[PDB]
Chemist: 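So that we are looking at the same thing, I have put the structure below in structure tokens.
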There are 4 protein chains.
Amino acid sequence: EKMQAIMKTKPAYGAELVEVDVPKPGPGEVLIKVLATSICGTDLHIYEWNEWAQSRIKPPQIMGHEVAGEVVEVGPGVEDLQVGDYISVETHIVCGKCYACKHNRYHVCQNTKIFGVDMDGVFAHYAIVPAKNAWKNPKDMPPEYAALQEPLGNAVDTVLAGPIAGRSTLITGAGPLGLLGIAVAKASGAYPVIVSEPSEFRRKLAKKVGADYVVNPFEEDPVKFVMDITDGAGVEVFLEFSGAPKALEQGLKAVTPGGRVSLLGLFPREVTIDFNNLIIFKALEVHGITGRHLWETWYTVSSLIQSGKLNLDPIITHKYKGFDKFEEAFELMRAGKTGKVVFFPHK
Amino acid sequence: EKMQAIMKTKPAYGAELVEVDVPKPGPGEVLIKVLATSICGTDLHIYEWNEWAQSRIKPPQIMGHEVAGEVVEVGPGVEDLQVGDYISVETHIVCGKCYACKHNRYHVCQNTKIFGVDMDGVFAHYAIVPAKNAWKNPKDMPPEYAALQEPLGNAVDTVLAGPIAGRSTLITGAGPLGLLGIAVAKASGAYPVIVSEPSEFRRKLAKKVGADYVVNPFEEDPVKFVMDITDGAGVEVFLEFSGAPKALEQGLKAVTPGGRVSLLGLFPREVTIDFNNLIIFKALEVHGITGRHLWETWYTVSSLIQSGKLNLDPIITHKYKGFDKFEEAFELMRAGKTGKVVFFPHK
Amino acid sequence: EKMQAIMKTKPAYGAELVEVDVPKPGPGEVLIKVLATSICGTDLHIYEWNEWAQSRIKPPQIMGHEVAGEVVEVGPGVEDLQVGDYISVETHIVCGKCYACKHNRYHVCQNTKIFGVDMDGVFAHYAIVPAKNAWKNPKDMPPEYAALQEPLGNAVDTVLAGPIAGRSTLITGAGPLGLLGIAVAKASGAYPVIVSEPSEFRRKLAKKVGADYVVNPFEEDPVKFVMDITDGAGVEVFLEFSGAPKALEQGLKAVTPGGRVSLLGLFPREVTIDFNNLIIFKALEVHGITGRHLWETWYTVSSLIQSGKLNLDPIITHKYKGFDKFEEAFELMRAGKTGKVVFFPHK
Amino acid sequence: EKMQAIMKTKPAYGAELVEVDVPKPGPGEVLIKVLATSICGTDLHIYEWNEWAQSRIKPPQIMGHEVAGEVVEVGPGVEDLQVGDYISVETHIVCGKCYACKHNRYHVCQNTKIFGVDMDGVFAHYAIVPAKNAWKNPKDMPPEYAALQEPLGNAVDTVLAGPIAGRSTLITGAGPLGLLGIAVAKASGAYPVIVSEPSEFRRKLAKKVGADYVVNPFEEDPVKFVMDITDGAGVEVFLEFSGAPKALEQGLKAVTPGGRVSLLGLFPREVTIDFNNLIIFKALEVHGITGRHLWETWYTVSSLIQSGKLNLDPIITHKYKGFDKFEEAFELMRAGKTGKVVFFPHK
Ligand SMILES: NC(=O)c1ccc[n+]([C@@H]2O[C@@H](COP(=O)([O-])OP(=O)(O)OC[C@@H]3O[C@@H](n4cnc5c(N)ncnc54)[C@H](O)[C@@H]3O)[C@@H](O)[C@H]2O)c1
Ligand SMILES: NC(=O)c1ccc[n+]([C@@H]2O[C@@H](COP(=O)([O-])OP(=O)(O)OC[C@@H]3O[C@@H](n4cnc5c(N)ncnc54)[C@H](O)[C@@H]3O)[C@@H](O)[C@H]2O)c1
Ligand SMILES: NC(=O)c1ccc[n+]([C@@H]2O[C@@H](COP(=O)([O-])OP(=O)(O)OC[C@@H]3O[C@@H](n4cnc5c(N)ncnc54)[C@H](O)[C@@H]3O)[C@@H](O)[C@H]2O)c1
Ligand SMILES: NC(=O)c1ccc[n+]([C@@H]2O[C@@H](COP(=O)([O-])OP(=O)(O)OC[C@@H]3O[C@@H](n4cnc5c(N)ncnc54)[C@H](O)[C@@H]3O)[C@@H](O)[C@H]2O)c1
């Protein structure tokens, strides 16, 4: 029982396509056959071998964590999963019975392990998946969609931290999460969705996903752009995808008084904010968004995917049959050339 | 100066197309040219001269309330409106002074009279409109969509009484309003939208509009149909459009525990319910839905219309030029043969 | 080691103070020295050997489940509890592996065993507690307050299904749950709290607790009473503790439009309701209330106990040392002469 | 007809007690006898003639806004008010047909004038008041309380911008708004209320009002102090009253993940915040609080007052008959030596 695996072998940059033994699932574990698997930020940082990577991941370890996989074997004393179950994985392995956790706050909740970071991930033909992190998918759901579901739940928690149907919306940043964010907003009835993005490639993508207006902040004033569209009102809803200090300010200026803000992008530094003018006098409701509601956000994700109202096709810019072009995948990724990237391990 | 009006002349079934003077705008009023005007269930009641109408309306009066109009003249001291403004009207005239209106509850709060019930409506070439009740439309909005924007506030407040993106939803009743409800729900991300409708014409329109599943409750059980779709979980949102006492019971049985019910349809008699099992051990949140949120609800409808996502044309089944066929139009309604029916008075 | 239990020995009405072998904490279980233990309506139904009781309980079974107790021994696989932890039990053994639970609805979830119904209970010097069901108390919290926290959770979920601070409140029914319901209301700033209650013993107790107005719905119309105190506005919040079909109607009439209703009290029969006038046109929000939110509801009850703002002393009308006057307790309860009744087993 | 007024005569520190004519109410206006009026921080900046006041106020003008007053005469066309009516005023003479007010966001409306900022206030024996701005008091509400109802509105909207019963609360700032903040929060069932204040006079007035723990953020770390009381959990509600840049930060570290912050204190300058650690990974909901909800917030303050639960007497520290000592009043206030200060102009 041998398989191919994308492996962090040493401390250096990069990874290796390695042949390894298929793992045996132990108690509370299932082995799945990987049908589709995608690369996020974090896999990219492990690839790059950045400063965070080095203090966290001790090679050799299998990479990846966004899957659509089929259960093939089940470990001792797993009820609830069986062979043939089609699943996706939640990697935030949570508390259970902490303060935040007893209060059902599983997204802002502490501790135990990350899957794909602290143990082997899923860029392999087969992967061990702890049964308590498994999400069952509908059987007719394309594995390539199913595999977006974790980050798509970042975008659902962001888009829908409050109501959006019929709401003028500003999105800053059209990276992978921001593109999924726009997909979620439009399926939720947001109108106009206005996207502020510096990258011309990323705005092509924004416009494709279904954004109603895109503005280039480096090129034209994104606040003035929003006041042109909203005839002076500003946007009801501002969603922060980038982490760029300037785009916080700017969206904070373009939201309407009494409007609502979702903060997902992570900042490089402390930001300097005129609180009085931008939050207290505007009476904003500002939401900090991290992690995923267990399992409310997954129900929503599953079901907007199944509605066909998510325009996901543009976001998946690259699909790769097996793991042979792994290097090229990560490289086009590093170069800002990819929407989402999907490997199909069994072509 | 003269015009035609569809007019309740005597207390009996029917209406007369009559010739009448064009009213002059007093202070705080404006005069509008009626561009499109739509037929309501209250209008059908008045025409038919049922029990409620016989109590409420004193003949003679101009019928109608649902209006897309252009301002031709403006009373003394109207600052906010001018000649040329394309407006729709909120038929509920204000309170500011009542307990319910001081609380911002205009939907529930009562009466300084109603448009087309207590005063002259807008089945007429021109109509008077208090400035306070006027909502300005974007100039590219078809008047036939603008006209529906009142009963679309009703569908908005039913659909968005709570969150709906990604939520399985049961709609009972696909009359005009229920159809409006399916189209909002689909624009707001509901999935599946399951429709329960005994009329086959009405089921075909639900399907055209965008319902994911239609069921006839006279032909099979609408609850087991729900439970087959939601794997025995039930629907998370149940919207009551019919006012059939049996629909209420079946939807309440069909809602998931923790689920959400909005009630719009008005019942014919008091309804006998199993409180304990259908509402209390299910821990349901149940809202009665009446009127419109002045004006939050109108910003949402306006912008759902401009968004392109409301599938309204399959709902608009009958368009008339002028009023000469008004009898054919009410009688087609009565007979359950219409979606929404639009008069264009100036062709 | 020998203990006293209150035991349901046969079929028959009544119970038996027997002598028994202290049990053996097994896997996932702890054993606790019982400090305070209270009787609820289900203990009364097991004792009256009603119809529900015979189909549910196979004797002999130890009775009770409202407990304040100390861990004196810990079984295999326990980890989160240890000797000396002062705890209360949550009897609804839920399961984070259902649709309702995966959605964090532990109050309307499918249940395993109930503790005190399907297995032995707490009317006894020591008791097996499953350790997943245990809630730890601050150690200076009195055992007889702590005994009350399950039913104070019903009352919290009911009082606080919505905001209540500054809010006119109608409570119908001042049995124990409505007494606790009043205590919570007054600690949460509800004002005036009006209580409708036919028993004068119970209305006396409702004033002691802190109700601002009590009315006898038998001597006087409770609706016109509310319209009096609220100058015709109606109450803003109506909480249903009785389960009297007629109180449902009357509180539905006395609540203001836009008002909020919590349904707790269980009904003898289907109730016939005018939905149009009472629910739809008043635009009510109505909450079916059952069970308790794990573990939000416990946090608030604990904290509200610790505040000393719960006027709970008037509710606890009978305290008994050990189990010897046990028959008198049940009879006083059966005859409606108690608020809550608390045993101290080690006294 | 003559009276006295505390009047901003020239652009400099201070004010003159001057004799002026008694105003005549025109249409839409009411003339009141002023029974009690408190001093606001805004009036303090008009008095000092700080920077803000230099920009906005145009002397000569009567200062003051927080009023309890008795109608003595009604202008042409006032129907809801008559002589003898006991009223309080909302000094936000609101925006009109604007976006924020059309959504019902009156608290954050960007108009129209302000009472005793842009037109004569109420530090006089008589004052003209727009009828639409008038709130009716219960005849038995003492005037010193009715007069604190506007800044009690600030405190209510801040305390109760989400749920608070049973919620561990940190209040930073026990100045006049903060003291009302603590009194509202206790009447709401908040527990514990932990107060952070440098002034010792103020920490004692905090404790008198009903704070459960006070800390000096200059003697010991308030974060650490919050961590010991809440067993390391943090506070569940963080309410910012001071506008101290250091307090904003310490609050945000103090709040539990999933916690709620309400920001009301105005900052002296832009603030530098770790967004990633303090709002985003902690998944806070942050509400900027400004103005008052017209008129829910007034219903709420009225009824909490009338309820006896607001511990208002220790807050009112200085009570003055006529305006003769109006410089002692303002000077004690600057010095930080008052809770709230009331003038009784007709002593
Ligand atoms: N909140 C959390 O705990 C959490 C969880 C997951 C991801 N994230 C964050 O969201 C992620 C977004 O992921 P991604 O895949 O979209 O990263 P990304 O680099 O691919 O996208 C974010 C950026 O937005 C654009 N941008 C940069 N400056 C801008 C500006 N000044 N105005 C407008 N747009 C600007 C950039 O071109 C880039 O697209 C990262 O920001 C990460 O910081 C946060
Ligand atoms: N609640 C409010 O304040 C408010 C305001 C306006 C209108 N309404 C109500 O909602 C409105 C809907 O109006 P419309 O224009 O959609 O009405 P409609 O009368 O034309 O049709 C609704 C019905 O649904 C179907 N139906 C009948 N029995 C059914 C059953 N047992 N199960 C499922 N479906 C069934 C019928 O074919 C019919 O179409 C009316 O009921 C109006 O009374 C309520
Ligand atoms: N919702 C759930 O799943 C759930 C959970 C726990 C308890 N409960 C229910 O609520 C419980 C209350 O328990 P208790 O211990 O307070 O019950 P209880 O029988 O001891 O008291 C309720 C009764 O309310 C009063 N009442 C009767 N008719 C009335 C009327 N017409 N108007 C006003 N009051 C009237 C009676 O005097 C009596 O006080 C019971 O009603 C039980 O039915 C429901
Ligand atoms: N948000 C709105 O739109 C709005 C409207 C009006 C007033 N306000 C604000 O709330 C008010 C606060 O209440 P006030 O009227 O009592 O003013 P206040 O100055 O008396 O209280 C603020 C300060 O709190 C204390 N403080 C200072 N530094 C602190 C620190 N580092 N940590 C903890 N506490 C500290 C000081 O003793 C002083 O009381 C003012 O800040 C005003 O700016 C806001």
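Below, each value reflects all heavy atoms present in this structure, side chains not excepted, and no hydrogens, waters or symmetry copies. Lettering follows sequence order; numbering is per chain, from 1.
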Chemist: Within the side chain of D:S168, is there an N or O that forms a donor-acceptor pair under 3.5 Å with the backbone of D:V235?
Modeler: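 Flag not set: sc D:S168 to bb D:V235 has no pair under 3.5 Å.
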Chemist: Tell me, please, which residues at least two apart from D:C109 pass disulfide (SG to SG under 2.5 Å).
Modeler: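 Only D:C95, D:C101 meet the disulfide (SG to SG under 2.5 Å) criterion with D:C109.
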Chemist: Checking the side chain of B:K102 only, and the main-chain atoms of D:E296 only, is there a donor and an acceptor separated by less than 3.5 Å?
Modeler: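 Side chain of B:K102 to backbone of D:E296: no pair is present.
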Chemist: Once side chain to side chain donor-acceptor pair (under 3.5 Å) is applied, what residue pairs with a partner in residues 171-193 of chain D remain, sequence neighbours excluded?
Modeler: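 Output for this query lists D:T172-D:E240, D:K186-D:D212.
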Chemist: Within the side chain of D:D120, is there an N or O that forms a donor-acceptor pair under 3.5 Å with the backbone of D:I62?
Modeler: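 Pair found, side chain donor or acceptor close to backbone of D:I62.
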Chemist: Does D:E200, at its CD atom, have more than 12 non-hydrogen atoms belonging to other residues, nucleotides or ligands within less than 6.0 Å?
Modeler: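 Check fails, neighbour count at 12 or below.
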Chemist: If you take all heavy atoms of D:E66 and D:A147, which pair is closest and at what distance?
Modeler: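 Taking every non-hydrogen atom into account, CB-O, 3.3 Å.
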Chemist: Just grab all the salt bridge (charged side-chain N to carboxylate O under 4.0 Å, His left out) pairs involving residues 298-311 of chain D, residues at least two apart or on different chains.
Modeler: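 Sorted result for residues 298-311 of chain D: empty, none.
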Chemist: To the closest 0.5 Å, what do you measure between CD1 (C:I182) and CD1 (C:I194)?
Modeler: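 The CD1 atom of C:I194 is 11.5 Å from CD1 of C:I182, to the nearest 0.5 Å.
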Chemist: D:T290 side chain to A:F281 main-chain N or O, any donor-acceptor pair under 3.5 Å?
Modeler: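 Looks like no, no N/O pair under 3.5 Å.
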Chemist: Take D:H287 and D:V261 through the test side chain to side chain contact (heavy atoms under 4.5 Å, CB included) and record every step on the way to the result.
Modeler: CA-CA 6 Å; D:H287 282 89; D:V261 179; over 6 Å; no
Chemist: CG of D:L148 to CD1 of D:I315: how many Å apart, nearest 0.5 Å?
Modeler: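 Separation between the atoms: 7.5 Å.
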Chemist: Atom CG in D:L248, atom OG in D:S242: separation rounded to 0.5 Å?
Modeler: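 Rounded to the nearest 0.5 Å, the CG-OG separation comes out at 9.0 Å.
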Chemist: Tell me, with the steps shown, if D:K337 and D:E331 meet salt bridge (charged side-chain N to carboxylate O under 4.0 Å, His left out).
Modeler: CA-CA 9 Å; D:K337 267 190 279 203; D:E331 232 85 338; over 6 Å; no
Chemist: Should we count NZ of D:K321 as having more than 12 external heavy atoms under 6.0 Å?
Modeler: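 Result for NZ/D:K321: open.
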Chemist: Can you check whether D:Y47 reaches D:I6 side chain to side chain, under 4.5 Å on heavy atoms?
Modeler: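 No - every pair of side-chain heavy atoms lies 4.5 Å or more apart.
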Chemist: In Å and rounded to the nearest 0.5 Å, what is the CG to CZ distance from D:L160 to C:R167?
Modeler: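 Here the rounded value is 9.0 Å.
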Chemist: Please give me the minimum heavy-atom distance between C:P192 and C:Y213, naming the atom from each residue.
Modeler: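 Heavy atoms only, the tightest pair is CB-CE1, 3.6 Å.
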Chemist: Please examine the side chains of D:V195 and D:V215, heavy atoms only from C-beta on, and report whether any two atoms are closer than 4.5 Å.
Modeler: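 Answer no - side chains too far apart.
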Chemist: Report the C-alpha distance between D:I114 and D:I93 in whole Å, list the side-chain angles of each, state the deciding distance to 0.1 Å, and finish with yes or no for side chain to side chain contact (heavy atoms under 4.5 Å, CB included).
Modeler: CA-CA 6 Å; D:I114 301 302; D:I93 302 129; 5.5 Å; no
Chemist: Can you tell me if D:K325 has over 12 outside heavy atoms packed within less than 6.0 Å of its NZ?
Modeler: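 No, the 6.0 Å shell around NZ holds no more than 12 heavy atoms from other groups.
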Chemist: Check ring-ring contact (aromatic ring centres under 6.0 Å, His included) between D:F115 and all other residues, then give those that pass, not counting sequence neighbours.
Modeler: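 For D:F115 there are no ring-ring contact (aromatic ring centres under 6.0 Å, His included) partners, ignoring immediate neighbours.
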Chemist: Between C:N311 (side chain only) and C:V209 (backbone N and O only), is there a donor and an acceptor less than 3.5 Å apart?
Modeler: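 Flag set: sc C:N311 to bb C:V209 pair under 3.5 Å.
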Chemist: Side chain of D:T297, backbone of D:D157: donor and acceptor closer than 3.5 Å?
Modeler: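 Such a contact is absent between D:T297 side chain and D:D157 backbone.
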Chemist: Is there a donor-acceptor contact under 3.5 Å from the side chain of D:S303 to the main chain of C:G166?
Modeler: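 Yes, D:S303 side chain to C:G166 backbone: donor-acceptor pair under 3.5 Å.
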Chemist: When you measure from the side chain of D:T158 to the backbone N and O of D:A155, does any donor-acceptor pair fall under 3.5 Å?
Modeler: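 No, D:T158 side chain to D:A155 backbone: no donor-acceptor pair under 3.5 Å.
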Chemist: Do the side chains of D:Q250 and D:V226 get nearer than 4.5 Å, heavy atoms only?
Modeler: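 They are not in contact (no side-chain heavy atoms under 4.5 Å apart), so the answer is no.
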Chemist: Counting only heavy atoms from other residues, nucleotides and ligands, does the tally under 6.0 Å from NZ of D:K208 exceed 12?
Modeler: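 Result for NZ/D:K208: open.
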Chemist: Taking all heavy atoms of C:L304 and all of C:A187, pick out the closest pair and write down the distance.
Modeler: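 Heavy atoms only, the tightest pair is CD2-CB, 4.2 Å.
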Chemist: Taking D:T256 for the side chain and D:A233 for the main chain, is one N or O donor matched with an acceptor at less than 3.5 Å?
Modeler: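 Yes, D:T256 side chain to D:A233 backbone: donor-acceptor pair under 3.5 Å.
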Chemist: Using ring centroids (six-membered ring only for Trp), state whether D:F326 and D:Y320 fall under 6.0 Å.
Modeler: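 Centroid separation for D:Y320 and D:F326: 6.0 Å or greater.
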Chemist: Could you state the interatomic distance from CZ (D:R334) to CD (D:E48), rounded to the nearest 0.5 Å?
Modeler: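 Between atom CZ of D:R334 and atom CD of D:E48 there are 4.5 Å.
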Chemist: What's the verdict on side chain to side chain contact (heavy atoms under 4.5 Å, CB included) for D:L152 and D:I305, showing C-alpha distance, side-chain angles and the deciding distance?
Modeler: CA-CA 9 Å; D:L152 264 164; D:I305 287 180; 4.0 Å; yes
Chemist: Given side chains that start at C-beta, do those of C:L180 and C:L312 come closer than 4.5 Å, heavy atoms only?
Modeler: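 Contact flag for C:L180/C:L312 side chains = yes.
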Chemist: Does any non-hydrogen side-chain atom of D:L263 lie less than 4.5 Å from one of D:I289?
Modeler: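 Result no, sub-4.5 Å side-chain heavy-atom pair not found.
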Chemist: So D:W52 and D:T42, do their side chains get closer than 4.5 Å, heavy atoms only?
Modeler: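 Yes, side chains in contact.
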Chemist: Could you tell me which non-hydrogen atom of D:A15 sits nearest to which non-hydrogen atom of D:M63, and how far apart they are?
Modeler: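 The pair with the smallest heavy-atom distance is CB-SD, 3.9 Å.
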Chemist: Going from NE2 on D:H65 to CD on D:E90, what distance comes out if it is rounded to the nearest 0.5 angstrom?
Modeler: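 Atom-to-atom, D:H65:NE2 and D:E90:CD are 10.0 Å apart.
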Chemist: Got a sec, which pairs hit ring pair (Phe, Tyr, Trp, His ring centres under 6.0 Å) with one end in residues 117-174 of chain D, sequence neighbours left out?
Modeler: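 Output for this query lists D:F123-D:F343, D:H125-D:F323, D:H125-D:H346, D:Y126-D:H346, D:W135-D:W295, D:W135-D:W298, D:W135-D:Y299.
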Chemist: Grab the two heavy atoms, one from D:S88 and one from D:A146, that are nearest each other, plus how far apart they are.
Modeler: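 For D:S88 and D:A146, the tightest heavy-atom pair comes out as OG-O, 3.0 Å.
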Chemist: Can you run down the salt bridge (charged side-chain N to carboxylate O under 4.0 Å, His left out) pairs that involve residues 128-154 of chain D, sequence neighbours left out, and say none if there aren't any?
Modeler: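 Residue pairs with at least one partner in residues 128-154 of chain D: D:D85-D:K136, D:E144-D:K319, D:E150-D:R292.
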Chemist: Assess the residue pair C:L170 and C:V255 against the criterion (side chain to side chain contact (heavy atoms under 4.5 Å, CB included)); give the C-alpha distance rounded to whole Å, side-chain angles, the decisive distance to 0.1 Å, and a yes or no.
Modeler: CA-CA 8 Å; C:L170 180 50; C:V255 69; over 6 Å; no
Chemist: So for atom NZ, which belongs to C:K207, do other residues, nucleotides or ligands contribute more than 12 heavy atoms lying within a distance under 6.0 Å?
Modeler: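 Yes.
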Chemist: Return the minimal non-hydrogen interatomic distance between C:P314 and C:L205, and the atom names on each side.
Modeler: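 Smallest interatomic distance, heavy atoms only, reads O-CD2, 3.6 Å.
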Chemist: Before giving the answer on salt bridge (charged side-chain N to carboxylate O under 4.0 Å, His left out), spell out for D:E236 and D:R260 the whole-Å C-alpha distance, their side-chain angles and the decisive distance to 0.1 Å.
Modeler: CA-CA 6 Å; D:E236 189 119 54; D:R260 189 256 306 177; over 6 Å; no
Chemist: Any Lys/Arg nitrogen of D:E219 or D:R203 sitting under 4.0 Å from an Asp/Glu carboxylate oxygen of the other?
Modeler: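 Yes, D:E219 and D:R203 are salt-bridged.
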Chemist: With a 4.5 Å limit on heavy-atom distance, are the side chains of D:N137 and D:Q149 in contact?
Modeler: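 SC-SC contact between D:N137 and D:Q149 confirmed.
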Chemist: Quick one, C:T169 and C:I171 - any side-chain contact, counting heavy atoms below 4.5 Å?
Modeler: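 Yes. Closest side-chain heavy atoms under 4.5 Å.
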Chemist: Whether the side chain of D:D43 engages the backbone of D:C40 through a donor-acceptor N/O pair (distance < 3.5 Å, no angle test) should be reported.
Modeler: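 A pair under 3.5 Å: yes.
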